[PDB]
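Protein chains in written order, with this note's numbering: chain A, 118 to 426; chain B, 229 to 483; chain C, 72 to 194; chain D, 72 to 104; chain E, 5 to 60; chain F, 19 to 74; chain G, 26 to 273; chain H, 413 to 442. Where a beta carbon is used, it is the ideal one built from N, C-alpha and C, also for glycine. For reference, the structure discussed in these notes is given below.
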RNA sequence: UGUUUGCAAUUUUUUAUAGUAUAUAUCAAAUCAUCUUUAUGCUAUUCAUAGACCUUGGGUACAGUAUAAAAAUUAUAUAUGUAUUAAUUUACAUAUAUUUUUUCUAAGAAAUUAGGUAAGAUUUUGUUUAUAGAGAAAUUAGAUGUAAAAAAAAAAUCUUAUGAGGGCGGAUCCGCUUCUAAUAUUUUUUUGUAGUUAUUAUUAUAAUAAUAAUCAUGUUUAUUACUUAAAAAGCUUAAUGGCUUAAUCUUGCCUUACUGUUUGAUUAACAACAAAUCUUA
Ligand SMILES: NC(=O)c1ccc[n+]([C@@H]2O[C@H](COP(=O)([O-])OP(=O)(O)OC[C@H]3O[C@@H](n4cnc5c(N)ncnc54)[C@H](O)[C@@H]3O)[C@@H](O)[C@H]2O)c1
Ligand SMILES: [K+]
Ligand SMILES: [K+]
Ligand SMILES: [Mg+2]
Ligand SMILES: [Mg+2]
Ligand SMILES: [Mg+2]
Ligand SMILES: [Mg+2]
Ligand SMILES: [Mg+2]
């Protein structure tokens, strides 16, 4: 076939698997020792810039997926058991639970323009500025139906601690930054106050907390520890409030300081933190959902109980 | 162990290590990763034979059968042909030695794969800087209404590579330059080279006129040719020189 | 204070100047990783195309059943489209008790428990 | 390291040659200045 | 345009007030044309109209 | 000149987590422990196992 | 490939993660510290138990990849090491426990249960890695529990009632919704009446099917996988329910 | 620096070997 | 021997060879502080070697399931027991400072620094939703939609052209001028709207038709382009105008916040002049 002739004849992917006699003679450690010399360096000595200086600057930065890059993160080390569960059992249950049938040839829905125009015969109308969002000042996102092309999922999680008393005892912030480090496995970013309140002794623009964000698998593994090891151990816990939700598919709730020390990562070395310095955190679960009821349905599928509030 | 084998590291690594093809190195992940791409390339090659035979059926099909006639039959083979060209590139885009061959400059430009990476490399950097020269120097709309380059052209004067839009000395630009061209589509074509000076000052009428400093036509070019010396355009390489190279100049005072 | 110094020493090790440098691969070493990276993303594609194929097949099964159900008349005197209009109701789907927690709580594990399944469960 | 020593000597010679040329020209500049 | 936003003439010509919807949808510009009968904005595909401004 | 930030990540281990039902799975954590036996978890809680009578 | 890839990325992490500070988890000169140091010495300094022996620094850091046929990257060798490192090696007073007097930790349960070996199709702990389907025999054709829909009840209310009749009430189950996931239509014979069967999806969490005193003329039951169904069920009955299937 | 540590170590090794040799002979004579 | 140790992989240049300008190698610089003792030490085992369990020692190990064969190796002062010397010479050990390896007290935890230039980011205010401690008032997370396989063709309406050096009156000057080209316009005349995966129907695994999905060879935290009223925030300071495609913000390198003279203006600055303001070479 002429099409097959245009393919590379010297295909390395069609070669046989290596043999054993050669594998028994392949000893990368014996080569170094026997050589008794340093192999000459290669003339290709390009190293990623430490600053991106523009699209057309002679030296360019490689993509993050390049191992030699400065922002390369080793790939997945394991499959989170909550991501394989959701995809294997719960992905279809949500799809079957929330499914509305569309007739075969239903005409496509034309989305209405939310910034209305002034339309009429009056001369002034023509060049009037578009009308304001009817109702609320900011436009709320519209809800998407749960179909086989849109199944809610967890995207990221942001854990944050606000320690106002750290403006007097600077040791409370150092401890908080180490807890959020072991709890999530990342390097938190310190945050600063924004308002001035004398009654609460709050001063603006001074470091009074930290935050962390975990994406991908680390977000699923953080939920497995929370749902199945931490929350069951909280004394007299009722559940996540039914009012949680920002109206866009994100769930938020907070943990007490005595519930943050129940984390397996914080309890093992509980004696290395000063007494009464372990803080409480705010957990904001960000999902791909587009509604408050889609988010609470997603969490219910992961085994999170809710209570009336 | 001579310079014909490569660099010092290669000639050194080629005498202190064992003789074994790169793809046959006994590494676990590299051999498990090369088996996934192996049985996938067989699935792409198995798809090119399924789409290749699917065109014959459509080729040997009376146009009357198609509710759209010959208009709907040529737009269906059009998508099938374009789907096969993409499969021929996806069958070797994961090959480790195809990437090594192309990076070493030893790539066969008569195959769709190598022409795909060569174009993907040109667009990455050289295209961006040339797209800027056409705009900032107002080549468009002065010379052409709109112009989007589709091939690479690197000109060097007396061996020295000159950057695009670089003020060169009048002695340097006294001999015909050498064009290091590169085309990214298949087939052989005839090329026409034209060097135009767009700022010749006309003092009598208070405006600028254009002057041709070189013109040639009927220059065959395939994606395997790289260098073209404008000096021997009718002696060595086939072509018709309408106007030989005129040494660029600029009278004192003018921009 | 001595306990706090241990905390600071942990951050000191994470400082940008202390952390290891970016990798430095040779050609063959780099090429080897290039195939591992190229194969992993292809493996993810196969898993994605398969995962999405089943979701489409399942969804097409419902549309075929619901579309057929939408045309059926019955049972008996009931008018056309009754069972369909009743199946599409979402009563309790977005409430608190929508999904049983006993089902969702259980997640997949690498190895089973002492009792893989409980057959003695009584209502 | 039999043949590699020859290549290393070629690598050492090339560097030692430049180190000599750089010092043979750095002295010249110090005379013009 | 000057430091105080004062618009100045860079060439000898005739003032023109116009609007270019291609460059910016809601801006109005001031240009200077060499020929009084020219109309701005010039079509984006037409060659630049320029004057030598030199003496031999 | 946008700075290219590098990831500052602590040392992470692979851990075996054994629940109260004898089920074990592997995870990625910062603690150095190798096996985490959980005496109280969702498999032994009444809020997650409302139908279980032993826990009632 | 997934096992090899994990082991690969796990070692690249050794070259990019900050070093491990034992002083943050173990207090010096304690039973825990002494235990860590002894086991760390056997691992040749590597604080990780699942990457073999590898030094991210030094002259031999480039040799990070493992060769073909290596047992190191397998999940069996990984668990073996993670379990051989959980046994306390130092008594509470700081003395190393004798090699023979060390208590091994309870090992995990095998993935294949007794039912998998016995092949009992009436057990729910069989094929723990695959989905099982309840197939019932009627006094004979194998099928799923079905029944005629009365005028008062709907599809979901009818399916729940039939399931408790045919299979008993000793099973904890959830009807995933009200939407039918598949349908099988037997055309009418012009005569005989056609049958339009609408299937609803159900999930079982505990219990076992009980066919005693069932209203419908049911004889046997068996929990089959997706591959065993096509050999048991008819071709036209199977082709209509195979779209509802899952990956595993 | 590394080769320096090496040479100094190899040099010290010879001193240690000379000491072990000299003392060994003295022990037998006694 | 700078640059990761298995092999011509970034840009330009130097030199040399073949070659008649090209080709290869080589060199330098830019980008980046990757850490480099091939073992001299350690570990296990064994053997002497005291004899009531001691120092120092000699072997042995054969390494892809890599290995004992380096998970991180320095110096120097004092002084102690063993032990040696021409000697506080040498070896050993521990008593303990002291230094080197930058590798262990978070500046990527701190400061509202305001100009030049380049790149990148582009609603930051308020309102509103939710959120341990937390309340009227503390922090954090949010708050528009669309597009991304690919079109071709016929005539007509202008407008432009340093297009055909068009034609005709007075090549490129000018008002008339046909033709072609480009953008725009027409509701205009339309044609096509696949392929791929799967479904259903008929036909004999394939073909055909309909229906649904479809930016994706790519580290899903995707990305890219476009869009998201007005006010408000920010821009040395009140107010007005303006900026969001930069005049704001962030970062890199800088100090044209330069010397001399000078152009044309502010319908000939302030209804004169002068001190002024913008701008050119
Ligand atoms: N990313 C793409 O190239 C691409 C292409 C087409 C569509 N999509 C869209 O992406 C969305 C779903 O995400 P996705 O499919 O791109 O990514 P994904 O869910 O498959 O991968 C997400 C994360 O899971 C990890 N992961 C995946 N498989 C793993 C395994 N077997 N073991 C361990 N870790 C594993 C990945 O490395 C990554 O960290 C859908 O909307 C899909 O249509 C993505
Ligand atoms: K995937
Ligand atoms: K600046
Ligand atoms: Mg707005
Ligand atoms: Mg705000
Ligand atoms: Mg409150
Ligand atoms: Mg400013
Ligand atoms: Mg005046």
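The closest heavy atom of ligand 2 lies 8 Å or more from the beta carbon of residue 266/B. For residue 114/C, the distance from the CB to the nearest heavy atom of ligand 1 is below 8 Å. Among the residues facing chain D, residue 152/A is included, as its CB has a counterpart in that chain under 9 Å away. As computed with DSSP, residue 209/G is found in a beta bridge with 222/G. Judged by their CB atoms, residue 293/A and residue 396/A are nearer to each other than the 9 Å cut-off. Not one beta carbon of chain F lies nearer than 9 Å to the beta carbon of residue 168/G. Rounded to the nearest whole angstrom, the C-alpha separation of residue 88/C and residue 309/B is 54 Å. Rounded to whole angstroms, the separation of the alpha carbons of residue 45/G and residue 395/B is 58 Å. Between residue 219/G and residue 206/G a beta carbon distance of about 21 Å is seen, past the 8 Å cut, so the two are scored as non-contacting. In the DSSP annotation of this structure, the continuous segment of the alpha helix (DSSP H) that includes residue 104/C starts and ends at 98-142.
Taking the beta carbon of residue 265/B as reference, the chain C residues within 8 Å of it are 106, 109, 110, 113, listed in sequence order. At least 9 Å separates the beta-carbon of residue 426/B from that of residue 405/B. For residue 36/F, the enclosing beta strand (DSSP E) covers residues 31-36.
Among the CB atoms of chain B, none fall inside 9 Å of the CB of residue 180/G. Rounded to the nearest angstrom, the gap between the Cα atoms of residue 43/F and residue 35/F is 6 Å.
For the region 32-54 of chain E, residues whose beta-carbon sits nearer than 7 Å to a beta-carbon of chain B comprise 48, 49, 50, 51, 52, 54. Using a CB distance cut-off of 9 Å, residue 393/B does not count as an interface residue toward chain E.
One thing to note: residue 48/E has its Cβ within 9 Å of the Cβ of residue 26/E. With a cut-off of 8 Å on Cβ pairs, the region 103-114 of chain C is not in contact with the region 63-71 of chain G, counting fewer than three such pairs.
Taking the Cβ of residue 302/A as the reference point, every heavy atom of ligand 1 lies at 8 Å or farther away. CA-to-CA, the gap between residue 424/B and residue 440/B works out to about 5 Å. Nearest in C-alpha terms to residue 257/A, of all of 173/A, 284/A, 374/A, 364/A, is 364/A. Taken in chain order, the members of the region 373-384 of chain A whose beta-carbon sits within less than 7 Å of a beta-carbon on chain F are 381, 382.
The straight-line gap separating the alpha-carbon atoms of residue 163/C and residue 139/G is approximately 40 Å. One Cα belongs to residue 105/C, the other to residue 143/A, and the distance between them is close to 22 Å. Using a Cβ-Cβ distance cut-off of 8 Å, the region 29-49 of chain G and the region 65-85 of chain G are in contact, since at least three pairs of beta carbons, one from each stretch, lie closer than that value.
Residue 48/F is positioned such that its CB atom lies closer than 9 Å to that of residue 382/A.
Taking 8 Å as the upper bound for CB-CB distance, residue 211/A and residue 263/A are in contact here, some 6 Å apart.
Straight-line measurement puts the Cα of residue 291/A at about 9 Å from the Cα of residue 283/A. Rounded to whole angstroms, the Cβ separation of residue 192/C and residue 197/G is 6 Å, and the two are in contact under 8 Å. Within the region 429-440 of chain B, the residues whose Cβ lies closer than 8 Å to any Cβ of chain E are, in chain order, 429, 430, 431, 434, 435, 436.
By the CB criterion at 9 Å, residue 232/G and residue 199/G fall outside the cutoff.
The C-beta of residue 245/B has fewer than 16 other C-beta atoms within 10 Å across all chains shown, which makes the residue exposed. The Cβ atoms of residue 193/G and residue 237/G lie closer than 9 Å to each other.
For residue 367/A, the enclosing beta strand (DSSP E) stretches over residues 367-372.
Here residue 43/G is buried, its C-beta having at least 16 other C-beta atoms within 10 Å.
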